[PDB]
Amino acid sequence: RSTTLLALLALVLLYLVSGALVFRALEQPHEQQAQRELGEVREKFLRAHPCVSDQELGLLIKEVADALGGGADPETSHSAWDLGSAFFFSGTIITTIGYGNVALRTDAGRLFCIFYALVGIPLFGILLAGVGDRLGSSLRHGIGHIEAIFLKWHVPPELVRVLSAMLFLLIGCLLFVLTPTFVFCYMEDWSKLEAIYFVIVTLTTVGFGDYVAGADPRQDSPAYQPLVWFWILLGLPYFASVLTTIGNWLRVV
């Protein structure tokens, strides 16, 4: 193991450095895009509004920035701390996702968050284990019946078990990865790729926060936005399994 752990450590470091190189190569070209866009917006506005100095538009943007930073929303409801959104935010904590698409501004908010998470994550951890097992055994009850059909076309039962479990996660994937990707494509006006990026960033509990559904009740299907938090809950076990199976595959490594 001493050899193993240092070998594994070095492997991971190499992986990180290779990741670093790929990411930099793909992302460094477009670093200044947002700056370019802000500059384009300023200069276009000055051309259009002659009674505005560059330096006056400057202060406007600083003052706007500070207000957005305080959680102001460009408006033309929308409360990210109304009970719906606040619930969802609490959900992002205990799941250890932590999108951060809305940040806490009060020192009180931060202090309570500490104890809320410290007590909340393990509790959800326990429930997740629980919900994981209940579904897993119920899925396995389903798995046996599928195994019977494979059994009745003379597939060796060890092969049938692998096939059923592979079918197991493939059913999970289609149920929880593809439906949401389609759902988000229609609902959020994202691309199929953006939606899969979101789904996976979510179910890995990375929670960048660049893409969020929001679970704030709006219109057409307002109740359905908080209902997504249940997709998260049902999805996470599936991914937990996938990650632990890749973990077992890495055990095989």
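We number the residues from 1 along the sequence you see.
Deposited sequence between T76 and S77: 4 to 9 residues lack coordinates. Legend: mean Cα B-factor per stretch from the PDB entry, 106-114 versus 119-127; the higher mean is in 119-127. Relative to one another, 33-41 and 221-229 have unequal mean CA B-factors, and 221-229 is the one with the higher figure.
Of the candidates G84, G71, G98, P156, the deposited coordinates give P156 the top C-alpha B factor. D66 sits in the lowest third of its chain by CA B factor, as recorded in the PDB entry.
Annotation for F208: CA B-factor lies in the lowest third of the chain's modelled residues. Annotation for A215: C-alpha temperature factor in the highest third relative to the rest of the modelled chain, per the entry.
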